[PDB]
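Before any questions on how it binds or moves, here is one chain, the form deposited in one PDB entry, in structure tokens.
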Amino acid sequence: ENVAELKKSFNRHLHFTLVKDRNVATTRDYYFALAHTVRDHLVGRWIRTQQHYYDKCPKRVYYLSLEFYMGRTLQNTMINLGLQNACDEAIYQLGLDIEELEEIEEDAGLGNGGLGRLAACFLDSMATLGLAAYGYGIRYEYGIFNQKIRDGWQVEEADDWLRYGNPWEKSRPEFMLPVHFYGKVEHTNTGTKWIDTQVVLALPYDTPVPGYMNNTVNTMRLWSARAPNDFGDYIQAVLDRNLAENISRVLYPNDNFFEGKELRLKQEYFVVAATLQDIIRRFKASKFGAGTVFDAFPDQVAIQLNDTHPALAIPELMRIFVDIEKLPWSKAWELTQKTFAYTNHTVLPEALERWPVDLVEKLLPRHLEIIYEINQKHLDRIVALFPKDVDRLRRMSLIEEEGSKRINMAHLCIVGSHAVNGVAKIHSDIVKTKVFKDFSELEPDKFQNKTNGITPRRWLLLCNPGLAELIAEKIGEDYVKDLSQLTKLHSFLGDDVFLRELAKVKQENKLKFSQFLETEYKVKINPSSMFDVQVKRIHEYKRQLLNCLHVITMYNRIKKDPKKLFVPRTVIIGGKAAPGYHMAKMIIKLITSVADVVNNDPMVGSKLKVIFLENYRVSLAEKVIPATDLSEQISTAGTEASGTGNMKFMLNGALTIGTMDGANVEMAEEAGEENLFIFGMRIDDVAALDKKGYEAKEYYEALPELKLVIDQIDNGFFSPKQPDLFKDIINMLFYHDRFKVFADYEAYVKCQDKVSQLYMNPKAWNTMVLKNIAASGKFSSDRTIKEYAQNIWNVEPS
């Protein structure tokens, strides 16, 4: 019924909004016109949803994050509004390729990976469960960089996703706010005043987050920096306005790594000031002793801290409460802890934020004083409980007195939050009992666990219509808003017809994605090959290297015995490297050197193909994932706090090869360990090896197939023009590898062999896939948000 109206609406927009006609209209014009057509169906419910929150005043959730890895919005919006099939019909009748139009949209890559993607999935889940949630972030003019491979190496290009404009955002001018920087503190008899500061304006841009088929559309408020107006040399002054606006210019491209750069600190405070102000504003403009207001603040507001990035929010709330609202420290401190909650995402020391006191002193002087306060009161408590353990004092202080006095933002988060959480059982256990044992001892109840999740809308209905259709056609639609209902799929473990249909879906995905790989890359894809893929950011801990040592091992075997039955494979590895990460870039170069050697060897032919999937990102993850057979999740045990990509492959029909790390463990729990290809060392095994001391050359000497791979890389087999090109990798691998690459090699290759074995038996392979898919339920972000809402936010879904 809306087909004819959608068509008229589309024409209305191409004309009035794009000022074009079917003859001089670009593909982009059609994209824009469709986006506007679809976007219009959001306004009604968006105005309504927000109006409902004002009248019913339910407790609000504020997901404060420096990242929001959103991807494209069009298709995602069409599906959550039950409009995709109608729009597809509309665009078809107009003679246009709906798929061709969706590809015009630029990804909103305002994230690095995992962390920023958890925020996006959470927004979609909170809207679906009907919660009064808001996401607050920074509207980076440039998100994570577009990645190119030139001469084998990664090259970074600016991701100006806003060049042609973003129809999915609406500037909210009336809500602009000032943010302060530098200045000095002046204590007076009127309270404390922070003066002589530089002001920067925050202009919020709202984006709607449609819940899946439930009339609600929430808000994602992203802030952008702007120079204020008040107050030769004139030109430069106008140009210098770029400095203030530089605060929200680029997203820092570091995954699990702390770079103590001033501009980054400015961003963290930036989003924190604007957000808290806006939140205090909404609270006061709502229906909810001289000071009879803020007492109810904790029962109306819940601010979730995504990692330690917005940690400044705690002392910032104390600054407003004490300096501006004039509350006693006691009361403010009380309300602060009842308001904030912290989520930890890593145990890697290089990923922990420790800002130098010097930097914070000249940038946020009033906040350094507040952190000292919090700390002193914090240590006074510790002393009154353990007056002799002096070592306990420095281990719990928010200030690392060592060499360069820094602020342990993590510790700041634990005291200013009533709840701290990990993102996976094993991870939260380590966060609770190991990393912050001194804190958990004192506040056992504080530390919790909330296993991560992914939204089945974007990661099933959207990216895999075929698989979704298959499922709904056997157990209903219910599984969408209750992924747990996927267990019903166990009734078909014997049905051979269902297994052929399962395989067919995966097949259509592989063929549709192979064409993507042939119009982009040189190589020719073996459609019957097994799709072995590893896609995620490039880290030594995620160990794309281990996988790389495997491809070379497979290569060597084929050349050695060029007639032995080899189960063909299309090994796909992808992910971006942080510009300043040298080993990660060397690793990317390695991978592309091998590929070039494997794909052009006539003796190997269709047996083994290697592809470095370029510019891995959200919209691209939606193409490759539904098309994979084997998922690589091989990080060293204890390095991955959880992982979500592992969850994405599981719901989409891929088997998993990986260690007992992060969420992999819980995946084994749900599907049955035997139903996953688990291998290598586990927690304790890594511990026992660090005690004894790691000596890599012994595995090099005790493992034949390994020695050749390593010799080949080091002698120049994969880089004749530069014989010692990978010397750095070899040196790290032999005397500085803290991720035990060689230590898992044998268990890995042995595991991989089992994988190929099973692949030759489609009946059994697909049987394991069903068991995996049927056990994916737990890993839905809806389940995750329910636990957050019930055990941390104290809010009710819907």
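From 1 onward, residues are counted along the sequence shown. Think of the rigid core as the biggest set of C-alphas that the two forms share within 1.5 Å after superposition.
Gaps at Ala290 occur in at least a third of the other compared entries of the protein that contain both adjacent residues. For the cut-off of one third of the other compared entries, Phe258 stays well clear, since all of them model it along with its flanks. According to the PDB entry, the deposited sequence contains 4 to 9 residues between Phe288 and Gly289 that lack coordinates. According to the PDB entry, the deposited sequence contains 4 to 9 residues between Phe231 and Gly232 that lack coordinates.
Just going by the entry, 361-369 versus 396-404 on mean CA temperature factor gives the higher value to 396-404.
Once the C-alpha B-factors are averaged per stretch, 235-243 and 380-388 rank with 380-388 first.
When the C-alpha B factors of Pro579, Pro704, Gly638, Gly71 are read from the deposited coordinates, the top value falls at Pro704. Per the deposited record, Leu499 carries the highest C-alpha B-factor of all listed residues (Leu123, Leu499, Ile634, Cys463). Sort the chain's modelled residues by C-alpha temperature factor and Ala775 lands in the middle third, per the entry. Split the chain's modelled residues into thirds by C-alpha temperature factor. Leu42 is in the lowest one. The deposited CA B-factor of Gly658 belongs to the middle third of values across its chain.
Ranked by Cα temperature factor within the chain, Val505 sits in the middle third according to the deposited record. Per-chain ranking of the deposited C-alpha B factor places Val322 in the middle third.
Heads up, the form deposited in another entry isn't pictured, but that's what we're talking about next.
Only one entry in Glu350, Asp478, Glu518, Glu669 has its C-alpha moved by 2 angstroms or more between this form and the one not shown when the rigid core is superposed, and that entry is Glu350. A movement of the C-alpha atom of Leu385 reaching 2 angstroms or beyond is seen between this form and the one not shown when the two forms are aligned on their rigid core.
When the rigid core is held fixed, the Cα atom of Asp196 travels less than 2 angstroms between this form and the one not shown. Core-superposed comparison between this form and the one not shown: CA of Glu400 displaced by 2 Å or more.
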